[PDB]
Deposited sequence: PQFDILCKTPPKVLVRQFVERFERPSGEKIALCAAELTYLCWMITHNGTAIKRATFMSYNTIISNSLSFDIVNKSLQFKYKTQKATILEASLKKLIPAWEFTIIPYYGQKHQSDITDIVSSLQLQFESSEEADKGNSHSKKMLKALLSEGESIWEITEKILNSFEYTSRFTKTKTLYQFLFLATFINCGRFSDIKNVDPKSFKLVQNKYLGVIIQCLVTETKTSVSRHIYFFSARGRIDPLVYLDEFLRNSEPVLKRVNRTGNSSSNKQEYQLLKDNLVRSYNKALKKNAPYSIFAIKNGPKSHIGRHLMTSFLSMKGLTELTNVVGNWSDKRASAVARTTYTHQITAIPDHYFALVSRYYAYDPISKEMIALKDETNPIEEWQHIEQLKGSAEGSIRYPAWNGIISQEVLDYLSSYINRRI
């Protein structure tokens, strides 16, 4: 992974190699500066500000395809997302003053085709985003409940798994996203060292952790709790920890700490291929449709259909808009916390009262606060000890036994 390489390559060491491809003019030394060219352009236009991993690989792909240098007239050009082609020109010039560079725009979204091309497609389609939303739209409206649709998705990994480790991963990730209404990254980037028990006036306690590197860059919390029924999150967490081990936090920019991350970066690939083939519904058959994002859409729906749509924004970590721009930027130092009655509804021990607005306890023999009171009065999860709070490894352990 070259982006990693770059991060290691020294700046001056870079500005050098770049100038070393023009004194020895060739179609082999220039046609490879792709990555360097990218890194350069960024720092130039952003005044030496770091660049994130994904943002780079995207801009990199673009150059590769728009790269064109003049054989012997000494000209050069490519596509790059900038509104300052001018200055970038003047800057690139003062590097290899013997050439003339040109920055071409990126309209990637829309490209005109050849009539014979357009026609060929049309004829094909004749004899043979939107679609995706419709499919999911219909699924929800067909006998099965979110809770049932999840069960089929969850169980469908049971016997299709080659190893026992993957079965444990996939199965975890899914249930993970659904519960926290999160993305893949929201689950992967979790900092294990942050697991800790928090209280709740319904389930007694719960497991909490933190994610910092998110898409909106607004950190959030991730939870794991006790569910009454044929599915118990704590159980899948348990099975997860035992067959899995810590992961060295990857570097994500040309720049603070955090050495570990709850999951692997490529896990998402095998998870997509899994759902793809082992598809328990037609929606996963659609190309470019939702795969891992499914866990989020699912919990999204579940909450809206209960009227509790407002509760969605919080759980999904939607960027706030009510508070003024500056107030969010320099005065907000604590993130919004998920309300206590949220988990009561997802733990299945309670139900929501759309009218009087209350959490009605569902008649059951297993009381969450009591199974809590007994286990209240270690090294079952090796590899995670010394990293994950003992306080928690202790809680988890005794729960797996006390409750059949």
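Residues of the deposited sequence lacking C-alpha coordinates fall in the stretches 129 to 135, 263 to 266, 389 to 395, numbered from 1.
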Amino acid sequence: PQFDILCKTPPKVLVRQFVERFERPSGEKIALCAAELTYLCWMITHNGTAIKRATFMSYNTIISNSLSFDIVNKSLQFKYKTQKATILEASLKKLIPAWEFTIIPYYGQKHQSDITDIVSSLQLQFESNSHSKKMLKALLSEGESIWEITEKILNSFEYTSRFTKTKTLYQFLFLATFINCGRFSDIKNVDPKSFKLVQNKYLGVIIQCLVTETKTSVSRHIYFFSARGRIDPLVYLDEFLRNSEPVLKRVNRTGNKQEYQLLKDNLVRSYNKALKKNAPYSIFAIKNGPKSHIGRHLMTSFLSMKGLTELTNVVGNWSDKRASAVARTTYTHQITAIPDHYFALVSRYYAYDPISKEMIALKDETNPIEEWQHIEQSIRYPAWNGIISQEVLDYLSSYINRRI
From here on, numbers count along this sequence of modelled residues.
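Higher mean CA B-factor, judged across 244 to 252 and 329 to 337 from the recorded values: 244 to 252.
The question of which stretch, 101 to 109 or 206 to 214, has the higher mean Cα B factor is settled in favour of 101 to 109.
Of the candidates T38, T55, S356, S64, it is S356 whose Cα B-factor is highest according to the PDB record.
Note on the listed residues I44, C33, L345, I51: the highest Cα temperature factor in the record is that of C33.
The PDB entry assigns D238 a C-alpha temperature factor belonging to the middle third of its chain's modelled residues. Per the deposited record, the Cα B-factor of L139 falls in the highest third when ranked against the other modelled residues of its chain.
Annotation for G229: C-alpha temperature factor in the middle third relative to the rest of the modelled chain, per the entry.
Sort the modelled residues of the chain by CA B factor and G307 lands in the highest third. When the modelled residues of the chain are ordered by C-alpha B-factor, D320 sits in the lowest third.
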